[PDB]
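Undergrad: Data file start.cif (mmCIF, C-alpha atoms) is appended below.
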```cif
data_protein
#
loop_
_atom_site.group_PDB
_atom_site.id
_atom_site.type_symbol
_atom_site.label_atom_id
_atom_site.label_comp_id
_atom_site.auth_asym_id
_atom_site.auth_seq_id
_atom_site.Cartn_x
_atom_site.Cartn_y
_atom_site.Cartn_z
ATOM 1 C CA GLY D 1 -45.741 173.837 86.522
ATOM 2 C CA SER D 2 -46.242 170.411 88.143
ATOM 3 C CA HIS D 3 -43.788 167.654 89.251
ATOM 4 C CA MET D 4 -44.075 163.903 88.470
ATOM 5 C CA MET D 5 -45.483 161.161 90.809
ATOM 6 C CA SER D 6 -43.896 160.416 94.284
ATOM 7 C CA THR D 7 -41.337 157.611 95.195
ATOM 8 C CA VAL D 8 -41.310 154.712 97.795
ATOM 9 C CA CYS D 9 -39.423 151.448 98.654
ATOM 10 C CA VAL D 10 -41.164 148.221 99.826
ATOM 11 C CA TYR D 11 -39.258 145.095 101.004
ATOM 12 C CA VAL D 12 -41.089 142.032 99.626
ATOM 13 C CA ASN D 13 -40.939 139.510 102.512
ATOM 14 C CA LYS D 14 -41.787 136.001 101.191
ATOM 15 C CA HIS D 15 -41.135 134.741 104.791
ATOM 16 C CA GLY D 16 -44.251 136.679 106.007
ATOM 17 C CA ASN D 17 -47.452 135.336 104.348
ATOM 18 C CA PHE D 18 -47.932 134.040 100.790
ATOM 19 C CA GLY D 19 -51.708 134.286 100.395
ATOM 20 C CA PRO D 20 -53.175 131.716 100.964
ATOM 21 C CA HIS D 21 -54.990 132.926 97.753
ATOM 22 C CA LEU D 22 -51.452 133.246 96.228
ATOM 23 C CA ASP D 23 -49.166 130.385 95.066
ATOM 24 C CA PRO D 24 -46.477 129.942 97.864
ATOM 25 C CA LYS D 25 -43.772 128.837 95.334
ATOM 26 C CA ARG D 26 -44.236 131.900 93.018
ATOM 27 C CA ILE D 27 -44.171 134.096 96.153
ATOM 28 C CA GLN D 28 -40.613 132.660 96.698
ATOM 29 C CA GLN D 29 -39.729 133.284 92.947
ATOM 30 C CA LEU D 30 -40.544 137.083 92.808
ATOM 31 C CA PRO D 31 -37.866 139.739 94.018
ATOM 32 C CA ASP D 32 -36.795 140.693 97.601
ATOM 33 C CA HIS D 33 -37.974 144.339 97.195
ATOM 34 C CA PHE D 34 -39.612 146.934 94.931
ATOM 35 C CA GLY D 35 -37.782 150.256 95.408
ATOM 36 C CA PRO D 36 -36.523 152.915 95.666
ATOM 37 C CA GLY D 37 -38.732 153.837 92.668
ATOM 38 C CA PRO D 38 -42.033 155.628 91.651
ATOM 39 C CA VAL D 39 -45.142 155.377 93.973
ATOM 40 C CA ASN D 40 -47.471 154.220 91.133
ATOM 41 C CA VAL D 41 -45.126 151.532 89.697
ATOM 42 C CA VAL D 42 -44.153 150.135 93.172
ATOM 43 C CA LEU D 43 -47.876 149.676 94.129
ATOM 44 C CA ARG D 44 -48.825 148.081 90.738
ATOM 45 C CA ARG D 45 -45.767 145.731 90.826
ATOM 46 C CA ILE D 46 -46.920 144.220 94.188
ATOM 47 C CA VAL D 47 -50.539 143.948 92.999
ATOM 48 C CA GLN D 48 -49.979 142.379 89.480
ATOM 49 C CA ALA D 49 -47.240 140.109 90.968
ATOM 50 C CA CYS D 50 -49.955 138.808 93.349
ATOM 51 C CA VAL D 51 -52.638 138.404 90.570
ATOM 52 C CA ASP D 52 -50.046 136.594 88.343
ATOM 53 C CA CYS D 53 -49.026 134.350 91.312
ATOM 54 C CA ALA D 54 -52.703 133.949 92.359
ATOM 55 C CA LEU D 55 -54.350 130.581 92.983
ATOM 56 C CA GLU D 56 -57.704 130.947 91.114
ATOM 57 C CA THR D 57 -56.693 134.209 89.309
ATOM 58 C CA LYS D 58 -60.245 134.268 87.771
ATOM 59 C CA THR D 59 -61.687 135.209 91.239
ATOM 60 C CA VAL D 60 -58.609 137.227 92.454
ATOM 61 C CA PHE D 61 -58.955 139.420 89.297
ATOM 62 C CA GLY D 62 -62.462 140.314 90.592
ATOM 63 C CA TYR D 63 -60.866 141.892 93.764
ATOM 64 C CA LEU D 64 -59.636 144.678 91.420
ATOM 65 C CA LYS D 65 -62.088 146.335 88.976
ATOM 66 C CA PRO D 66 -60.957 148.376 85.899
ATOM 67 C CA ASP D 67 -60.906 151.990 87.201
ATOM 68 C CA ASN D 68 -61.414 154.410 84.258
ATOM 69 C CA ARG D 69 -59.429 157.328 85.811
ATOM 70 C CA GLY D 70 -56.467 156.319 83.557
ATOM 71 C CA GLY D 71 -53.728 155.391 86.042
ATOM 72 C CA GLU D 72 -51.758 152.090 86.104
ATOM 73 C CA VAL D 73 -52.458 148.689 84.409
ATOM 74 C CA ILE D 74 -52.691 145.200 86.057
ATOM 75 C CA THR D 75 -52.161 142.193 83.729
ATOM 76 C CA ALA D 76 -53.376 138.623 84.438
ATOM 77 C CA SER D 77 -54.467 135.237 82.982
ATOM 78 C CA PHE D 78 -58.235 134.405 82.895
ATOM 79 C CA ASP D 79 -59.639 131.276 81.099
ATOM 80 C CA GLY D 80 -56.367 130.903 79.108
ATOM 81 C CA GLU D 81 -56.692 134.523 77.886
ATOM 82 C CA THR D 82 -54.573 137.518 78.953
ATOM 83 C CA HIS D 83 -56.752 140.324 80.490
ATOM 84 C CA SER D 84 -55.671 143.789 81.764
ATOM 85 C CA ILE D 85 -57.481 146.507 83.831
ATOM 86 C CA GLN D 86 -56.885 150.189 84.757
ATOM 87 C CA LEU D 87 -56.075 151.630 88.245
ATOM 88 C CA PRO D 88 -56.512 155.243 89.683
ATOM 89 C CA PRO D 89 -53.340 157.516 89.256
ATOM 90 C CA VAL D 90 -51.481 158.446 92.511
ATOM 91 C CA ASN D 91 -49.078 161.285 93.524
ATOM 92 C CA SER D 92 -48.587 160.625 97.298
ATOM 93 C CA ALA D 93 -46.072 158.153 98.816
ATOM 94 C CA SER D 94 -48.634 157.020 101.454
ATOM 95 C CA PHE D 95 -51.070 156.023 98.621
ATOM 96 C CA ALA D 96 -48.385 153.587 97.242
ATOM 97 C CA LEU D 97 -48.343 151.618 100.487
ATOM 98 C CA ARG D 98 -52.098 151.951 101.147
ATOM 99 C CA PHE D 99 -53.108 150.814 97.585
ATOM 100 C CA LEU D 100 -51.837 147.196 97.791
ATOM 101 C CA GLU D 101 -52.653 147.177 101.548
ATOM 102 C CA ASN D 102 -56.376 146.998 100.616
ATOM 103 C CA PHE D 103 -55.808 144.366 97.851
ATOM 104 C CA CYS D 104 -53.551 142.056 99.956
ATOM 105 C CA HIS D 105 -56.191 142.358 102.755
ATOM 106 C CA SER D 106 -58.905 140.762 100.543
ATOM 107 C CA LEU D 107 -56.366 137.931 99.729
ATOM 108 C CA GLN D 108 -55.554 137.588 103.513
ATOM 109 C CA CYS D 109 -51.825 138.070 102.629
ATOM 110 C CA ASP D 110 -49.837 140.289 105.038
ATOM 111 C CA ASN D 111 -46.123 140.817 105.950
ATOM 112 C CA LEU D 112 -45.536 140.009 102.213
ATOM 113 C CA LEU D 113 -43.901 143.482 101.985
ATOM 114 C CA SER D 114 -42.649 146.270 104.296
ATOM 115 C CA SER D 115 -42.522 149.925 103.166
ATOM 116 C CA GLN D 116 -40.234 150.717 106.154
ATOM 117 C CA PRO D 117 -36.614 151.109 104.719
ATOM 118 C CA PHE D 118 -33.383 149.877 106.426
ATOM 119 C CA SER D 119 -31.978 153.407 105.669
#
```
Let me see whether you can do it: turn the structure in this file into structure tokens.

TA:
Amino acid sequence: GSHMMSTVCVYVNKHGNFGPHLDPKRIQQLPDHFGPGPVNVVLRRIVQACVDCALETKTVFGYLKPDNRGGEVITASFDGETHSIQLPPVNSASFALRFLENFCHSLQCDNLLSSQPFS
């Protein structure tokens, strides 16, 4: 007797900031928004988009450890190899927004998304 994860909608603003630990061109390639869709997939799709776009992904992939709670999965390219980690599982809509808020902060990227919908 338990529901699924929550739902959110971010608006990926490539006019805001790119990184500068993220490739500015790939920041213009990725979509205009992620949502409306599930909390856990919206947060991971910002994060792994950033790590994939990342200048010096080898170091950027250090700003997220594998978290053995068994939540989401971030994929990336390190030393020519393809490496993936685990995230913690979420159920609150605030934790979507707050998850990538911490990660983008360590990359100095901000205004790259906006959880506030145009209704």

Undergrad: Using atom CA of residue 91 of chain D and atom CA of residue 39 of chain D as the two end points, give the distance in Å to one decimal.

TA: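 Going from atom CA of residue 91 of chain D over to atom CA of residue 39 of chain D covers 7.1 Å.
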
Undergrad: Which segment 33-61 of chain D residues have any atom within 9 Å of an atom of segment 105-119 of chain D, and for each, what is the nearest pair of atoms with distance in Å to one decimal, counting only C-alpha atoms, rows sorted by chain and number, as CSV?

TA:
```
residue,atom,partner,partner_atom,distance
D:33,CA,D:113,CA,7.7
D:34,CA,D:113,CA,8.9
D:46,CA,D:113,CA,8.4
D:60,CA,D:107,CA,7.6
```

Undergrad: I'd like the contact shell of residue 29 of chain D - 10 Å cut-off, only C-alpha atoms, skipping same-chain residues fewer than 4 positions apart - returned as a ChimeraX atom specification.

TA: /D:14,24-25,53

Undergrad: Name the residues that the PyMOL selection byres ((chain D and resi 26) around 9) pulls out of this structure, and write them as JSON, numbers by chain.

TA: {"D": [18, 22, 23, 24, 25, 27, 28, 29, 30, 49, 50, 52, 53, 54]}

Undergrad: Quick one: distance from atom CA of residue 55 of chain D to atom CA of residue 96 of chain D in Å, one decimal?

TA: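 The value is 24.1 Å.
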
Undergrad: Identify all residues satisfying the PyMOL selection byres ((chain D and resi 79) around 12) in the given file; provide them as a ChimeraX atom specification.

TA: /D:56-59,61,76-78,80-83

Undergrad: Between D:21, D:16, D:2, D:37, which is the closest to residue 93 of chain D once you count all atoms listed in the file?

TA: D:37

Undergrad: How many Å lie between atom CA of residue 19 of chain D and atom CA of residue 66 of chain D, rounded to one decimal?

TA: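 Separation between atom CA of residue 19 of chain D and atom CA of residue 66 of chain D: 22.2 Å.
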
Undergrad: Since the input is missing atoms, can you rebuild N, CA, C and O atoms for segment 11-26 of chain D and write them as a PDB file, keeping the file's coordinate frame?

TA:
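Result went into rebuild_8.pdb, see below:
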```
ATOM      1  N   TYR D  11     -40.125 146.276 100.876  1.00  0.00           N
ATOM      2  CA  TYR D  11     -39.258 145.095 101.004  1.00  0.00           C
ATOM      3  C   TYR D  11     -40.144 143.852 101.015  1.00  0.00           C
ATOM      4  O   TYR D  11     -40.734 143.516 102.045  1.00  0.00           O
ATOM      5  N   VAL D  12     -40.245 143.207  99.844  1.00  0.00           N
ATOM      6  CA  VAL D  12     -41.089 142.032  99.626  1.00  0.00           C
ATOM      7  C   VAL D  12     -40.585 140.839 100.460  1.00  0.00           C
ATOM      8  O   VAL D  12     -39.578 140.204 100.122  1.00  0.00           O
ATOM      9  N   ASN D  13     -41.295 140.565 101.565  1.00  0.00           N
ATOM     10  CA  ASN D  13     -40.939 139.510 102.512  1.00  0.00           C
ATOM     11  C   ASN D  13     -41.780 138.254 102.228  1.00  0.00           C
ATOM     12  O   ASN D  13     -42.945 138.154 102.627  1.00  0.00           O
ATOM     13  N   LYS D  14     -41.163 137.300 101.530  1.00  0.00           N
ATOM     14  CA  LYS D  14     -41.787 136.001 101.191  1.00  0.00           C
ATOM     15  C   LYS D  14     -41.789 135.051 102.412  1.00  0.00           C
ATOM     16  O   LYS D  14     -42.367 133.959 102.353  1.00  0.00           O
ATOM     17  N   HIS D  15     -41.122 135.468 103.510  1.00  0.00           N
ATOM     18  CA  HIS D  15     -41.135 134.741 104.791  1.00  0.00           C
ATOM     19  C   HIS D  15     -42.413 135.067 105.603  1.00  0.00           C
ATOM     20  O   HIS D  15     -42.813 134.279 106.468  1.00  0.00           O
ATOM     21  N   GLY D  16     -43.048 136.223 105.299  1.00  0.00           N
ATOM     22  CA  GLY D  16     -44.251 136.679 106.007  1.00  0.00           C
ATOM     23  C   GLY D  16     -45.466 135.780 105.769  1.00  0.00           C
ATOM     24  O   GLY D  16     -45.633 134.762 106.457  1.00  0.00           O
ATOM     25  N   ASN D  17     -46.324 136.169 104.819  1.00  0.00           N
ATOM     26  CA  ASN D  17     -47.452 135.336 104.348  1.00  0.00           C
ATOM     27  C   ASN D  17     -47.420 135.341 102.817  1.00  0.00           C
ATOM     28  O   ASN D  17     -46.966 136.309 102.193  1.00  0.00           O
ATOM     29  N   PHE D  18     -47.905 134.251 102.238  1.00  0.00           N
ATOM     30  CA  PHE D  18     -47.932 134.040 100.790  1.00  0.00           C
ATOM     31  C   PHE D  18     -49.268 134.564 100.294  1.00  0.00           C
ATOM     32  O   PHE D  18     -49.319 135.548  99.571  1.00  0.00           O
ATOM     33  N   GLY D  19     -50.349 133.917 100.771  1.00  0.00           N
ATOM     34  CA  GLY D  19     -51.708 134.286 100.395  1.00  0.00           C
ATOM     35  C   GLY D  19     -52.692 134.138 101.555  1.00  0.00           C
ATOM     36  O   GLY D  19     -52.800 135.044 102.363  1.00  0.00           O
ATOM     37  N   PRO D  20     -53.407 132.977 101.717  1.00  0.00           N
ATOM     38  CA  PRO D  20     -53.175 131.716 100.964  1.00  0.00           C
ATOM     39  C   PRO D  20     -53.937 131.630  99.609  1.00  0.00           C
ATOM     40  O   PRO D  20     -54.092 130.545  99.040  1.00  0.00           O
ATOM     41  N   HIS D  21     -54.370 132.797  99.094  1.00  0.00           N
ATOM     42  CA  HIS D  21     -54.990 132.926  97.753  1.00  0.00           C
ATOM     43  C   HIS D  21     -53.910 133.107  96.666  1.00  0.00           C
ATOM     44  O   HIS D  21     -54.227 133.255  95.484  1.00  0.00           O
ATOM     45  N   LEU D  22     -52.632 133.100  97.098  1.00  0.00           N
ATOM     46  CA  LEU D  22     -51.452 133.246  96.228  1.00  0.00           C
ATOM     47  C   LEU D  22     -50.625 131.957  96.289  1.00  0.00           C
ATOM     48  O   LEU D  22     -50.575 131.307  97.342  1.00  0.00           O
ATOM     49  N   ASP D  23     -49.992 131.593  95.159  1.00  0.00           N
ATOM     50  CA  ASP D  23     -49.166 130.385  95.066  1.00  0.00           C
ATOM     51  C   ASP D  23     -47.865 130.582  95.871  1.00  0.00           C
ATOM     52  O   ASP D  23     -47.073 131.469  95.528  1.00  0.00           O
ATOM     53  N   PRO D  24     -47.619 129.747  96.936  1.00  0.00           N
ATOM     54  CA  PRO D  24     -46.477 129.942  97.864  1.00  0.00           C
ATOM     55  C   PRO D  24     -45.105 129.854  97.167  1.00  0.00           C
ATOM     56  O   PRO D  24     -44.165 130.532  97.582  1.00  0.00           O
ATOM     57  N   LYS D  25     -45.024 129.054  96.082  1.00  0.00           N
ATOM     58  CA  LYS D  25     -43.772 128.837  95.334  1.00  0.00           C
ATOM     59  C   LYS D  25     -43.406 130.090  94.515  1.00  0.00           C
ATOM     60  O   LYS D  25     -42.249 130.517  94.517  1.00  0.00           O
ATOM     61  N   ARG D  26     -44.418 130.688  93.853  1.00  0.00           N
ATOM     62  CA  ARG D  26     -44.236 131.900  93.018  1.00  0.00           C
ATOM     63  C   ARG D  26     -43.933 133.124  93.885  1.00  0.00           C
ATOM     64  O   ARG D  26     -43.232 134.042  93.452  1.00  0.00           O
TER      65      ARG D  26
END
```
